[PDB]
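Encoded as structure tokens, the structure appears first; notes follow it.
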Amino acid sequence: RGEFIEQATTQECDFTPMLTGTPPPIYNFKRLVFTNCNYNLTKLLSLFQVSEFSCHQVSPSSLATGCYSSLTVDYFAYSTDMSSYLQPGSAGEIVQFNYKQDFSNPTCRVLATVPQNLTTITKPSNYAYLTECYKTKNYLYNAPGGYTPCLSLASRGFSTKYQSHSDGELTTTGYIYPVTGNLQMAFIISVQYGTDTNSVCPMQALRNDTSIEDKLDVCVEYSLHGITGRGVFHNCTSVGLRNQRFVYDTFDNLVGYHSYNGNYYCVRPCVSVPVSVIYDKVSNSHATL
Amino acid sequence: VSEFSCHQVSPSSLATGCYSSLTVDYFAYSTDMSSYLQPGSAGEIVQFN
Amino acid sequence: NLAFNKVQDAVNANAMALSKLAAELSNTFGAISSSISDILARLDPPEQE
Amino acid sequence: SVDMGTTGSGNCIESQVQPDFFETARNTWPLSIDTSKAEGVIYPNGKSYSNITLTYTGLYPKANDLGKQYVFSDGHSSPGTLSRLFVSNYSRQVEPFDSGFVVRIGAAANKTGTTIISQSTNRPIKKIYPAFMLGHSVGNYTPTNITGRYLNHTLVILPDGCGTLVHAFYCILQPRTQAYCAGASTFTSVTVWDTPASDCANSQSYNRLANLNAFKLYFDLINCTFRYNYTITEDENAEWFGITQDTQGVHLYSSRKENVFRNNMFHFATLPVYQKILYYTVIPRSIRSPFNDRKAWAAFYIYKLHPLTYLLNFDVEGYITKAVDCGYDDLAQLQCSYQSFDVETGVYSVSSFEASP
Ligand SMILES: *[C@@H]1O[C@H](CO)[C@@H](O[C@@H]2O[C@H](CO)[C@@H](O[C@@H]3O[C@H](CO[C@H]4O[C@H](CO)[C@@H](O)[C@H](O)[C@@H]4O)[C@@H](O)[C@H](O[C@H]4O[C@H](CO)[C@@H](O)[C@H](O)[C@@H]4O)[C@@H]3O)[C@H](O)[C@H]2NC(C)=O)[C@H](O)[C@H]1NC(C)=O
Ligand SMILES: *[C@@H]1O[C@H](CO)[C@@H](O[C@@H]2O[C@H](CO)[C@@H](O[C@@H]3O[C@H](CO[C@H]4O[C@H](CO)[C@@H](O)[C@H](O)[C@@H]4O)[C@@H](O)[C@H](O)[C@@H]3O)[C@H](O)[C@H]2NC(C)=O)[C@H](O)[C@H]1NC(C)=O
Ligand SMILES: *[C@@H]1O[C@H](CO)[C@@H](O[C@@H]2O[C@H](CO)[C@@H](O[C@@H]3O[C@H](CO)[C@@H](O)[C@H](O)[C@@H]3O)[C@H](O)[C@H]2NC(C)=O)[C@H](O)[C@H]1NC(C)=O
Ligand SMILES: *[C@@H]1O[C@H](CO)[C@@H](O[C@@H]2O[C@H](CO)[C@@H](O)[C@H](O)[C@H]2NC(C)=O)[C@H](O)[C@H]1NC(C)=O
Ligand SMILES: *[C@@H]1O[C@H](CO)[C@@H](O[C@@H]2O[C@H](CO)[C@@H](O)[C@H](O)[C@H]2NC(C)=O)[C@H](O)[C@H]1NC(C)=O
Ligand SMILES: *[C@@H]1O[C@H](CO)[C@@H](O[C@@H]2O[C@H](CO)[C@@H](O)[C@H](O)[C@H]2NC(C)=O)[C@H](O)[C@H]1NC(C)=O
Ligand SMILES: *[C@@H]1O[C@H](CO)[C@@H](O[C@@H]2O[C@H](CO)[C@@H](O)[C@H](O)[C@H]2NC(C)=O)[C@H](O)[C@H]1NC(C)=O
Ligand SMILES: CCCCC/C=C/C/C=C/CCCCCCCC(=O)O
Ligand SMILES: CCCCC/C=C/C/C=C/CCCCCCCC(=O)O
Ligand SMILES: *[C@@H]1O[C@H](CO)[C@@H](O)[C@H](O)[C@H]1NC(C)=O
Ligand SMILES: *[C@@H]1O[C@H](CO)[C@@H](O)[C@H](O)[C@H]1NC(C)=O
Ligand SMILES: *[C@@H]1O[C@H](CO)[C@@H](O)[C@H](O)[C@H]1NC(C)=O
Ligand SMILES: *[C@@H]1O[C@H](CO)[C@@H](O)[C@H](O)[C@H]1NC(C)=O
């Protein structure tokens, strides 16, 4: 029967490193992490022509309309015709020696093309990836979400197909081929829920604050610094740490909230009153308790 | 045909069985925009078209 | 005394029935959450249903 | 890159490396992890609990762990003159990072103690902060073949301002060739120093860059990715500090964040260091105090973190007051199974002995 909305004024997330310069090869992928900020999703999507997406325990439209504790993006230059080599359970060199997607958090894999005139991203000369990485053969495979152990060796650069570099203990080999047409990229996105007192929010999901003072003891929808739900609020003596802002019980259900007005509110799920019916068949009449 | 995705039915069953009614919506559409028609897409196609 | 212990056991059986009833609402049964509000917030049809 | 300030010039100060005066039977002051006070426990992120007990899976020290002791000393001094620095051999030791660690700081402050430089002299003990280098690959310092050199980007954490500031930067460390510096033939250890006569003379004019200036004499800082600093309130209370790393970067924790009179550590920073940290080394400090004003410095203790299950008790205000390490013994397992510190008298079946290949 109402809405309870409280949000803090935050800065804008910094995506400029991704939108300027040359994206790296896959084995040297760049990672960005965001917390306690807002970002314009509609603008970002209009800079790219998506060719495929695959998500796990989340959907892109929910990312557009809700908030999360943090947002991690790994990105690199990647030819779209090699898409199958990034699939889970692939047996090829991409997963073994370059990038292996982690599935411990909700995650989505996106491939896209950079339109020729639209952006300030610059093209590399070649696409590139590693074909092997071994200790003298004792192969060394990527951990999920990690970097290849051969990363330092590979930074010497690759000038021809199947050129090798060694340092005495590690050896790695590289493959290169030219970029033709518009540049193509890959993005690996993951989010977390309920690990911070503040949130990351798309700009389209923001709403004006409202008060709870005239809505006590009734069921309302709430959005408190990105944490949403339904519940009934009541003014209470303060318990728990105010600077942690949220109080939970043993089942990890929210039971309290410290407001920026200075008060503490007990929180309960929406309740329903019992009803019983007394019926007499002979007279066909009824009453209620 | 370049792709198909079905939900609670298969094209071969449509070819070999009967049904109470059949509804078809159709339009011109570039195949390279296929991902924008997927469920849960965040783009302008699902929002406004 | 055994009889007093039996009294306390009767009371405890009554309490345990209710506690087991309430605890089952936190079982995910292999879904992404035990809360319907979270499921509606994070997924889209048909995966939502 | 970010500016790291003015490049160093001149010579480094000599250090006398003498471990037999530091790791000695007379300087052993053991302190173990006491779970009944929840020592070394990191508080969960983004929430709190009030007046309940529950189990929690995370990174925790092992119960009754002794850890590892470290002690810093004044440098050599005579009336009117300042001489060589005096240190142990911590600068050449390289430790595995594994899952991270926690540090107990200033536990013996307010007690009378030895001035390591002089086995007879005794002083009241003062708190001193540690300094760290953390990185992904290590080698020898090139001229002397002394171990402990950090290659490529290195994370440095360095206290400063007479205990009112700490730096945190990620840059390549390029050795200098001047006398006693990291690229010279007379180098013995990376030892940072401050001069309290000119640095800590007045609480309104604390030198916030003295330790950083000393570090820059050993190395030229190149291609730094970031430079942060955090302000600290000066006092003599015991403290806890902690560090971990995961997909989202390096996390730093401190008991000063919420209530320094409680020992719970709270998250206060995340650093964008995404390549896995494998090694760390303590950077020794040596205070150039004058001969008339000589001091004793509190030892600090490092305990490793492990992925474990803990039983946590929260009071009404939300602090963690006591804990149980579930895998320590059979009684601890029984308590964790019942999610309670108070169990009835009885005979119980518990988890069987683990059989792994
Ligand atoms: C605590 O941590 C902060 C953050 O790292 C430090 O702040 C930086 O301090 C340095 C000085 O050490 C500042 O550097 C100077 O910036 C001037 C202006 O910079 C503009 O551009 C930068 C980059 O975008 C912006 O960050 C900044 O806000 C300005 O918009 C330059 O003009 C200075 O150059 C001159 O002096 C240097 C001295 O070494 C010479 O080498 C140059 O040739 C030149 O003569 C200089 O680069 C830096 O701007 C500060 N950053 C911020 C965000 O404030 C604190 O110093 C540190 N505090 C401590 C350790 O006590
Ligand atoms: C997220 O990013 C979006 C993309 O940057 C933001 O959208 C843009 O917002 C600006 C500011 O409101 C708009 O600029 C104005 O547009 C109007 C309308 O332009 C059209 O009509 C005029 C004639 O009336 C014509 O001259 C133009 O060519 C257009 O046909 C102009 O009248 C204004 O002068 C001004 O240019 C952008 O148009 C708009 N872009 C899009 C694609 O919508 C969005 O605001 C960001 N969101 C947040 C919350 O920051
Ligand atoms: C070394 O000695 C100093 C001085 O005695 C110690 O600092 C003081 O310690 C006491 C006891 O913890 C602090 O008392 C508390 O103060 C707070 C203030 O709000 C109050 O709420 C508590 O009820 C309690 O009275 C005192 O404030 C503190 N003084 C300072 C300047 O911090 C110090 O802890 C000792 N160090 C060691 C290692 O024993
Ligand atoms: C740092 O100094 C300590 C103390 O001298 C060294 O440990 C000793 O090493 C010698 C030589 O192998 C052994 O005989 C002693 O038993 C060790 N002492 C103890 C207390 O264990 C340590 O090796 C030095 N670390 C270096 C040089 O990296
Ligand atoms: C770093 O220096 C150490 C010595 O501090 C080197 O270890 C020596 O290795 C040689 C050649 O194998 C042996 O003959 C010596 O006996 C070793 N000395 C000691 C004290 O153990 C080590 O090889 C050097 N490391 C690198 C990476 O060059
Ligand atoms: C990381 O540090 C190492 C050690 O300083 C660098 O290694 C040298 O790199 C050059 C150029 O590739 C080679 O010619 C040398 O043989 C390397 N030395 C050793 C001991 O391997 C390495 O280049 C640095 N990596 C990055 C990414 O800058
Ligand atoms: C520090 O960064 C600079 C800038 O990227 C590096 O200088 C580049 O080095 C490469 C490899 O030698 C050259 O191809 C570029 O022309 C250099 N660019 C500029 C602007 O000088 C430098 O190598 C890095 N320093 C290290 C790793 O010690
Ligand atoms: C094109 C390969 C044809 C191989 C024909 C017969 C192979 C015998 C057994 C092969 C194992 C199956 C590998 C399948 C490769 C899938 C692509 C990938 O995992 O990235
Ligand atoms: C090409 C987009 C790259 C964006 C990089 C990082 C973005 C930060 C968060 C983004 C939300 C995920 C949107 C995924 C778009 C899938 C395509 C679609 O739903 O139709
Ligand atoms: C929300 O607040 C802003 C700032 O006061 C105001 O401009 C805007 O009109 C408000 N929106 C609504 C829908 O009331
Ligand atoms: C809520 O309770 C607190 C503490 O009892 C009280 O100070 C405060 O005024 C109450 N709030 C309102 C809106 O009455
Ligand atoms: C805290 O919990 C104890 C144990 O159940 C209970 O007796 C006590 O009343 C509680 N205290 C408060 C202040 O709610
Ligand atoms: C360091 O080792 C090298 C051999 O690798 C040797 O030539 C050199 O003299 C050594 N330096 C010292 C100071 O022992």
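Chains as they are written, first to last, in the UniProt record's numbering: chain A, 380 to 515, 520 to 672; chain B, 429 to 477; chain C, 1014 to 1062; chain D, 23 to 379.
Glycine is no exception: its CB is placed at the ideal position from the N, C-alpha and C atoms.
Not one heavy atom of ligand 13 is found less than 7 Å from the C-beta of D/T169.
Per DSSP, reduced to three states, the secondary structure at D/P181 is strand. When beta bridges are read from the DSSP output, A/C434 appears opposite A/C487. In this model, D/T29 and D/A232 are separated by some 13 Å (Cα to Cα).
Listed by position along chain D, the residues whose Cβ is nearer than 9 Å to that of A/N626 are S70, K279, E280, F288. DSSP places D/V212 outside both helix and strand once states are collapsed to three, so it counts as coil. Around the beta-carbon of D/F375, fewer than 16 other beta-carbon atoms lie within 10 Å, marking it exposed. Under a 10 Å Cβ-count criterion, A/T486 is classified as buried, with 16 or more other Cβ atoms of the shown protein chains found around its own Cβ. Think of a sphere of 8 Å around the beta carbon of C/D1057: the chain A residues whose beta carbon falls inside it are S438, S440, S441, in chain order.
Beta-carbon to beta-carbon, D/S37 and D/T213 are separated by about 4 Å, close enough to satisfy the 8 Å threshold.
A/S463 and D/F248 have their C-alpha atoms some 37 Å from each other.
Selection B/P467, B/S448, B/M461, B/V474 evaluated against B/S430 yields B/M461 as nearest (Cα-Cα).
When DSSP states are grouped into helix, strand and coil, A/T498 belongs to the coil group. Short of 6 Å from the beta carbon of D/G62, and not among the five residues preceding or following it, lie these beta carbons of its own chain, in chain order: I55, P83, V124, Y325. Between the segment 438–449 of chain B and the segment 641–659 of chain A, the count of C-beta pairs closer than 8 Å stays below three; the two stretches do not touch. Cα atoms of D/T77 and D/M155: separation of roughly 34 Å, rounded to the nearest angstrom. Taking CB atoms only, A/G381 has no neighbour in chain C less than 8 Å away.
Contact annotation for A/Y631 against chain D: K69, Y71 [CB-CB distance below 7 Å, chain order]. Between A/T555 and D/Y163, the alpha-carbon positions lie close to 27 Å from each other. DSSP, reduced to helix, strand and coil, places D/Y360 within a helical segment of the structure shown.
Per DSSP, A/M568 is one residue of the beta strand (DSSP E) stretching across 567–575. Among the CB atoms of chain C, one or more fall inside 8 Å of the CB of B/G468. Taking every residue with its beta carbon within less than 6 Å of a heavy atom belonging to ligand 7 gives, in chain order, D/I194, D/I244, D/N245.
Per DSSP, the unbroken beta strand (DSSP E) holding D/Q196 starts and ends at 187–197. In summary, D/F237 is buried, with 16 or more beta-carbon neighbours lying within 10 Å of its beta-carbon over all protein chains present. For B/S463, the closest Cβ of chain A is nearer than 8 Å. Counting only residues of its own chain and dropping the five nearest sequence neighbours on each side, A/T501 has a CB closer than 8 Å to the CB of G400, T401. Of the other Cβ atoms in all chains shown, 16 or more fall within 10 Å of the Cβ of A/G639; this residue is therefore buried.
Not one heavy atom of ligand 9 falls within 7 Å of the beta-carbon of A/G445. Taking a beta-carbon distance threshold of 8 Å, A/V429 counts as an interface residue toward chain B.
D/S95 is positioned such that its CB atom lies closer than 8 Å to that of D/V109. For C/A1030, the distance from the CB to the nearest heavy atom of ligand 8 is not below 7 Å.
By the 16-neighbour rule on beta-carbons within 10 angstroms, D/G264 is buried. Residues of chain A whose Cβ lies closer than 9 Å to the Cβ of D/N174 are, in chain order, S535. In the structure shown, D/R284 adopts coil according to DSSP, grouped into three states.
Scanning chain C for C-beta atoms nearer than 9 Å to the C-beta of A/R613 yields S1050, reported in chain order.
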